[PDB]
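Heads up: the protein sequence lines correspond to chains M, G, W, N, H, L and h, in order. According to the authors' numbering, the stretch in the first sequence is residues 5 to 244, in order. According to the authors' numbering, the stretch in the second sequence is residues 6 to 244, in order. According to the authors' numbering, the stretch in the third sequence is residues 17 to 152, in order. According to the authors' numbering, the stretch in the fourth sequence is residues 1 to 197, in order. According to the authors' numbering, the stretch in the fifth sequence is residues 3 to 234, in order. According to the authors' numbering, the stretch in the sixth sequence is residues 4 to 240, in order. According to the authors' numbering, the stretch in the seventh sequence is residues 1 to 206, in order.
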Amino acid sequence: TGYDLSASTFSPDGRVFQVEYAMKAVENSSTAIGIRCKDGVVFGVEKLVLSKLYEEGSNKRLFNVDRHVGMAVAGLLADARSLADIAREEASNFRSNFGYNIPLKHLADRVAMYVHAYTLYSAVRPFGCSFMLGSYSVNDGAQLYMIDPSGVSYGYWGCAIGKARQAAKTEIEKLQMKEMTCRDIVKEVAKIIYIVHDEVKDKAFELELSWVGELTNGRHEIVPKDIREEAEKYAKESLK
Amino acid sequence: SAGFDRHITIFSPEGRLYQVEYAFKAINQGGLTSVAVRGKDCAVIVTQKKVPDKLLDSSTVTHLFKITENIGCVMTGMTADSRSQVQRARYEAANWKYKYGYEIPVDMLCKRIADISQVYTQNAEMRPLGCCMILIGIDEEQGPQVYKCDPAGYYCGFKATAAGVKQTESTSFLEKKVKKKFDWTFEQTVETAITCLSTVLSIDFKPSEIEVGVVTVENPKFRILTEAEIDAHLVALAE
Amino acid sequence: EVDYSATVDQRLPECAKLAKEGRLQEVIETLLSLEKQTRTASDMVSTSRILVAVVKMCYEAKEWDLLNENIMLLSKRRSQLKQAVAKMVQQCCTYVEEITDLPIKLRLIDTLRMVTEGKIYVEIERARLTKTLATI
Amino acid sequence: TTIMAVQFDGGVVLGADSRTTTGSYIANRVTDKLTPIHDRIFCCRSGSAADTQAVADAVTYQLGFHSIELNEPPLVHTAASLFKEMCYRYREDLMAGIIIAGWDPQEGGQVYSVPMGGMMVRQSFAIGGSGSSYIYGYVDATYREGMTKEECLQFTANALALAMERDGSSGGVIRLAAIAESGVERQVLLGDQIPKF
Amino acid sequence: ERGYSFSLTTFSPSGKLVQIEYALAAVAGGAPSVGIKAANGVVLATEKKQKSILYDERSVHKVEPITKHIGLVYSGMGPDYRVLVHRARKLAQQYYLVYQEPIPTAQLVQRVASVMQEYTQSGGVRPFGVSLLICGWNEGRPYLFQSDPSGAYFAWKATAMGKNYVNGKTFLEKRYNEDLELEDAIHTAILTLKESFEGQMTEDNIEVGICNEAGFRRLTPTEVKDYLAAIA
Amino acid sequence: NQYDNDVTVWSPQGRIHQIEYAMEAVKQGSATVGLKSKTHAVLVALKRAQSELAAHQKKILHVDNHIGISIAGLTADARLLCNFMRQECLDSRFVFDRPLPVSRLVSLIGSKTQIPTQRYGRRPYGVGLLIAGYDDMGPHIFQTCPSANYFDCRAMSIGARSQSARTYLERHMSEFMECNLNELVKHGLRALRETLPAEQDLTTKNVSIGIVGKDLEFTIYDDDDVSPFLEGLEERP
Amino acid sequence: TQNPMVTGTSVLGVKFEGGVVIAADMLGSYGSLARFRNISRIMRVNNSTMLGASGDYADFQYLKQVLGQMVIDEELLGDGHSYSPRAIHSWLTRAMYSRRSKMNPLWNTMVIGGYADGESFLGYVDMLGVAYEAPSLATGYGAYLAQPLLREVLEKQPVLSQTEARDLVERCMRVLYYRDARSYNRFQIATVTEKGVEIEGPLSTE
């Protein structure tokens with residue numbers, strides 16, 4: 005109280021409270037897990053359909069930052085969409101001024117700097133959405149970076165953002181992402197997401213998958229519906 | 006007294022700026038410790054490398070950032086603000102090179118960094134960057150140099166130093182060590198830095214928990230010691 | 017954690033026979049490498065076994081100077097497991113009274129006190145060694 | 001001037017004249033048209049000296065900043081992009097053609113030609129400057145594939161040598177540089193070393 | 003009147019710019035500094051103590067030159083002093099360029115005071131928490147001025163700022179004679195630092211600068227050692 | 004509490020309360036139903052008259068030939084968003100000579116609304132827009148709540164007493180796809196009529212109908228024009 | 001762009017039932033000299049549209065980056081909508097007309113042709129902004145030499161075949177080689193049909 009009304013006021017013990025509040029806000033949303041294959045990066049987000057009137061694909065949380073970069077925002081959807089727009093702008097500017105696809109590391113660093121610049125001013129508030137960036141390139145392998153409201157962003161072999169981040173990590177650490185390919189890893193992602201789901205507190209959800217790697221010629225595209233069901237079939241096979 | 010600690014540009018009754026001290030304290034939020042030791046012909050810095058998750062990528066967590074091939078930095082404190090300051094330092098070094106030719110000396114580099122921080126603290130527009138910036142680098146005519154220059158805007162010349170949660174203990178250990186004049190050799194400097202960190206943290210210092218960076222007169226280029234070199238230095242330290 | 021104890025049981029008497037042959041040295045190197053591997057592998061039981069066996073071989077062979085060097089080397093080893101060093105110091109202090117020559121006993125007591133100085137686990141062993149030194 | 005580059009397997013060899021004439025007078029006879037833009041990248045300056053020099057430093061700061069930020073050696077195409085943007089934006093005022101050659105661990109040794117007008121294209125060999133309209137025929141009849149370092153130098157030495165004699169704006173001494181994975185070697189041919197006829 | 007001790011752009015009922023007084027207190031709570039003006043030259047001395055033996059005493063200098071014949075010593079917040087010195091150097095060089103004559107001490111001091119006052123007129127900008135003490139030798143007459151965060155400048159003959167400034171001022175008016183010389187002025191300044199100096203005065207802990215007709219120059223540790231040994 | 008004044012202050016629980024209040028701003032307006040069949044996107048809105056002898060307030064606005072909206076919220080923000088969408092549609096026509104996609108316009112609206120919810124200086128756009136349009140992918144019925152989040156809905160309904168319309172649309176979602184213009188309009192009118200209290204009835208003076216189809220440009224039916232659709236509606240039980 | 005430095009030859013394109021075909025030379029002639037001879041003057045924008053232009057290749061190259069990012073953004077949204085050949089044409093017309101109004105126009109006479117929803121599109125926006133729809137278009141000289149020929153084939157028979165289109169341009173660029181001082185005997189052919197956009201080449205002549 006008193007030191008937590010603005011993002012530019014350091015707490016007496018040395019902690020910017022608004023950033024922690026944004027982290028809590030992102031913690032208040034659904035789970036989104038990114039798992040790095042041996043030859044790609046797979047994104048999976050549990051997209052809760054708040055009402056039956058939605059169009060099975062509305063407000064999807066999987067965004068294509070660029071051709072090779074996939075983003076798996078989870079949290080305040082408006083902030084996530086704004087961040088996706090800024091990431092696309094940065095990717096376009098990097099390609100125009102340098103001529104080659106912006107490396108996932110550099111794009112993540114620039115977007116993280118942009119996010120952190122919004123937790124330093126009193127006239128702006130920290131982004132309430134945490135996002136993970138994924139891409140594949142033979143030149144630089146598959147990279148999966150997660151940037152939260154605080155602005156910190158280091159690479160991950162596999163990360164989960166949302167309500168059941170800890171539950172997702174418990175059953176993701178039990179997966180060998182070092183060697184597996186992006187074919188069975190999709191089924192693993194579907195199963196892990198289905199495990200981390202209340203199903204009594206959340207009425208229903210529409211699993212949406214995504215991947216980028218060698219199997220997709222290096223580009224990031226929505227997982228084909230033909231094989232997406234196979235992942236859904238495996239998840240259903242898993243009892244939870 | 007306590008009602009003046011909500012804005013950075015308001016002076017306390019006794020003549021203090023409370024927000025700058027608050028940022029100094031926030032420096033410790035990362036829970037890490039970093040130490041720099043300036044040898045006779047070398048400058049070595051060692052910082053903790055905490056990876057409290059099996060899914061993290063240990064290669065992307067390193068806190069030792071290379072501002073330039075000849076100048077080095079280790080950010081301690083808040084990660085995001087530390088990375089922002091590292092990017093600003095890289096920009097400052099590049100601009101100095103572009104405008105004056107010769108590489109900007111480390112002292113000048115983060116003197117510019119500290120001036121930026123101070124201008125931040127004077128005009129109440131942005132929260133001060135809560136991240137201590139420890140610089141190293143061989144300077145012609147002045148031997149190895151390590152400069153710590155902090156949020157409030159203070160930069161000084163250091164024979165040895167440290168920033169982080171365990172700063173007072175590490176500095177006391179260095180003072181106990183720095184006083185017995187002896188051959189400050191590369192191996193000796195690295196050993197003393199690692200020993201100070203181990204005693205302050207009271208840890209066995211597994212090779213994957215530390216990250217070291219050394220700049221030497223013979224090789225005046227920032228080099229991040231790999232796991233093998235760190236392990237060899239540790240085994241030499243033990244015996 | 018790998019539990020090299022089974023391997024140590026077989027590799028101990030083999031090297032012990034060569035050590036009792038008299039050449040030693042190479043036995044010292046082999047046991048040193050085995051101890052390094054075991055300690056890096058968290059082999060408390062086998063590490064203690066190897067330490068005690070090597071100290072026993074050094075003492076039995078009468079390599080007094082070698083005994084001192086090896087005692088110090090194994091005591092100052094990287095991340096040396098506490099229990100193994102404790103048992104090694106216990107064996108050394110059990111041998112100290114056996115050795116009768118005043119100079120050799122004094123030197124061994126000095127090395128044992130140096131190794132155990134500032135250690136809580138071998139604190140009572142240090143007290144006993146200090147009492148023995150005071151008596152001598 | 002006469003700046004030429006030719007890429008071989010595992011590296012690239014580039015060379016340029018050492019003549020810089022202010023109208024009808026040679027102000028400098030020891031000019032260097034082989035500008036090091038990075039550890040393993042160079043740019044050849046042709047056209048207005050001030051425009052060539054200033055754009056050289058400008059590209060260095062951007063690439064040098066970029067190289068440090070990515071902690072990975074810059075791609076030659078990265079050098080090509082910056083020159084094209086800088087020249088095209090300033091083309092109506094900037095008169096200078098930059099031929100940039102270098103090696104990267106991404107694809108190998110490449111040479112990119114940016115003639116006056118912000119034209120960016122990658123080719124095995126490229127000759128620019130006023131003297132380029134003199135060795136065009138002789139260089140074409142000598143170009144081949146698979147040249148080694150020794151073969152490349154003999155090509156570059158003669159190619160520039162032919163134009164130097166046939167052109168009046170290029171002269172002085174021969175500058176060459178070999179850029180590859182191992183490193184960069186800068187050799188200067190003066191006096192007898194330059195082939196004659 | 004606790005309600006008006008916050009903003010620098012509002013007047014208290016009694017008519018006190020509270021923030022300026024608080025900044026002056028912060029200045030008086032800094033490192034000691036004493037300067038004496040002699041008929042031949044001026045002397046500036048500040049105590050340079052680092053919190054531990056781990057600090058390079060030579061890396062940061064409290065006494066810095068503004069031009070060939072102007073000096074600067076401070077007592078308070080050093081980071082603010084760095085910007086103050088940068089502005090002073092810029093002002094001196096601007097005056098030199100416009101007039102091609104080294105900026106007189108009076109004019110440089112006045113412009114530095116104007117720079118200081120520039121920050122005490124708008125909310126959101128903290129007054130400079132350092133009071134500068136300027137040396138000088140222009141027109142063959144030694145000068146000594148003090149510029150404060152309030153913007154006011156005076157012509158101190160000899161004064162001590164920072165911690166224990168009352169004791170320094172009391173020491174002055176006792177050992178100060180208007181007809182001294184540079185060496186005697188240096189000795190008096192060293193003694194004045196001593197009476198407000200905690201611990202041994204090592205060569206690396208006290209930094210002094212003579213600013214006579216020859217110009218301003220920071221005495222190297224050797225000369226400071228010689229002077230302290232002579233006094234000691 | 005004290006975190007209830009600005010959009011740039013984060014509540015301890017993790018909510019920007021000002022955004023919640025902007026969202027609540029929708030319910031102060033009249034109920035509006037928007038629904039789409041295979042070829043048509045019809046949205047029916049209820050018009051409220053300030054006085055008995057005052058023209059009923061316009062609720063269905065015209066944006067472009069293929070993009071219609073219903074405003075359920077602040078008149079100020081509703082009109083501002085309508086003007087911005089009109090400008091975007093005109094720019095798309097001028098530069099591309101092609102109808103600006105409804106999805107892209109909705110995304111632009113969301114992006115523009117997000118900024119007021121992230122930077123101090125102006126309140127969030129307290130208007131809920133039901134965007135109906137026809138493009139290459141068929142009819143689109145979006146809802147752009149003040150929270151800067153838009154949902155692509157088959158048949159949405161915002162405004163006061165809108166829950167009944169939403170429930171009816173959920174019940175009859177199946178028939179919406181394979182229905183003609185008349186049946187779609189009648190279902191929308193039934194959804195609106197469910198929202199009204201028992202006494203009030205769907206009269207020709209307080210219903211506005213907007214339709215965009217395969218070959219039919221946007222049309223706003225008011226007063227008698229609604230009569231052909233209104234007649235034949237089953238009397239409410 | 002006030003004094004072109006590297007320019008281009010003519011660009012030819014004739015529309016047939018089922019798609020459209022375009023071709024262009026690969027000779028970048030700075031002034032009268034063949035500065036470059038391996039450049040591509042016809043690159044695709046999307047699966048159902050392709051373009052190629054004359055004039056300053058640098059100016060056109062700038063257009064390549066703009067369209068690529070401008071085109072790439074199209075699929076990033078993943079909404080299904082893609083810039084129709086008219087859509088790109090309309091953007092181009094305002095793109096250059098806006099640039100010309102500020103005395104810095106792109107000295108790059110473009111031609112954009114594509115196949116969309118069963119109809120072919122062949123537009124040409126000149127270096128200044130003029131644009132129209134014709135069954136067959138040729139830039140620069142091609143209007144003088146190849147363009148007159150294409151009316152004769154279209155006037156008597158406005159319907160053509162892919163092979164009839166293939167040689168027609170060949171008989172079009174062949175005459176370009178004979179009576180032109182800036183042509184080159186290495187050209188690409190761009191075919192756009194339901195199967196997509198394909199670029200192949202070069203090709204020579206007797």
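The beta carbon of each residue, even a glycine, is placed where N, CA and C say it ideally should be.
Short of 7 Å from the beta carbon of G135(G), and not among the five residues preceding or following it, lie these beta carbons of its own chain, in chain order: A28, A31, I32, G82, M83, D86, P156. Between the segment 141-149 of chain M and the segment 6-13 of chain M, the count of Cβ pairs shorter than 8 Å is below three; the stretches do not touch.
CA-to-CA, the gap between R174(L) and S214(M) works out to about 32 Å. Contact annotation, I212(L) with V47(L): C-beta distance approximately 5 Å; criterion of less than 8 Å satisfied. At a cut-off of 8 Å between beta carbons, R95(G) contacts chain N. Scanning the segment 20-89 of chain L for uninterrupted alpha helix (DSSP H) segments of 4 residues or longer gives 20-27, listed from N- to C-terminal end.
In this structure, DSSP gives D236(G) a helical state, which the three-state scheme calls helix.
Of the candidates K189(L), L77(L), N4(L), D225(L), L77(L) places its Cα closest to the Cα of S33(L). Residue burial annotation: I140(W) is exposed, with fewer than 16 other C-beta atoms found within 10 angstroms of its C-beta. Contact of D112(G) with chain H is assigned, a C-beta pair being separated by under 8 Å. DSSP lists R44(h), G113(h) as the bridge partner or partners of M50(h). Beyond the five residues adjoining it in sequence on each side, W107(h) comes within less than 7 Å, by CB distance, of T1, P4, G55, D56, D59, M127 in the same chain, given in chain order. In this structure, the CA atom of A94(H) is about 7 Å from the CA atom of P104(H).
For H120(M), the neighbours in chain G by C-beta distance under 9 Å run, in chain order, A85, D86, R88, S89. In chain h, no part has a C-beta under 8 Å from the C-beta of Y134(N); the shortest such distance is about 11 Å. When DSSP states are grouped into helix, strand and coil, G109(N) belongs to the strand group. Taking a 10 Å sphere around the C-beta of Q150(G), we find 16 or more other C-beta atoms and assign the residue as buried. Comparing alpha carbon positions, the residue from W139(H), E200(H), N179(H) closest to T69(H) is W139(H). For the pair of segments examined, the segment 33-45 of chain H was found to touch the segment 184-197 of chain H: the number of CB pairs separated by less than 8 Å reaches three. With contacts defined by Cβ atoms closer than 8 Å, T2(N) and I127(N) form a contacting pair. Around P104(L), the same chain offers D138 as residues with beta carbons nearer than 7 Å, after the five sequence neighbours per side are excluded.
In the structure shown, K30(G) falls within a helical segment according to DSSP collapsed to helix, strand and coil.
When C-beta atoms of the segment 125-132 of chain M are compared with those of the segment 88-107 of chain M, fewer than three pairs fall below 8 Å, so the two segments do not count as touching. In the structure shown, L243(M) adopts coil according to DSSP, grouped into three states. For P144(H), the three-state secondary structure derived from DSSP is strand. Rounded to the nearest angstrom, the Cβ distance from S48(h) to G140(h) is 26 Å, too far for a contact under 8 Å. With contacts defined as CB atoms closer than 8 Å, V205(G) and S175(G) qualify as a contacting pair. The straight-line gap separating the alpha-carbon atoms of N224(G) and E244(G) is approximately 27 Å. Its Cα nearest to that of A241(G), the residue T200(G) stands out among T200(G), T231(G), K54(G). Closest in alpha carbon position to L203(h), among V192(h), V169(h), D180(h), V45(h), is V169(h). Judged by DSSP secondary structure, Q112(H) falls within the alpha helix (DSSP H) whose first and last residues are 107-120. Counted as a single uninterrupted DSSP element, the alpha helix (DSSP H) harbouring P231(L) occupies residues 230-233. With respect to chain G, the C-beta atom of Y167(H) has no partner C-beta closer than 8 Å.
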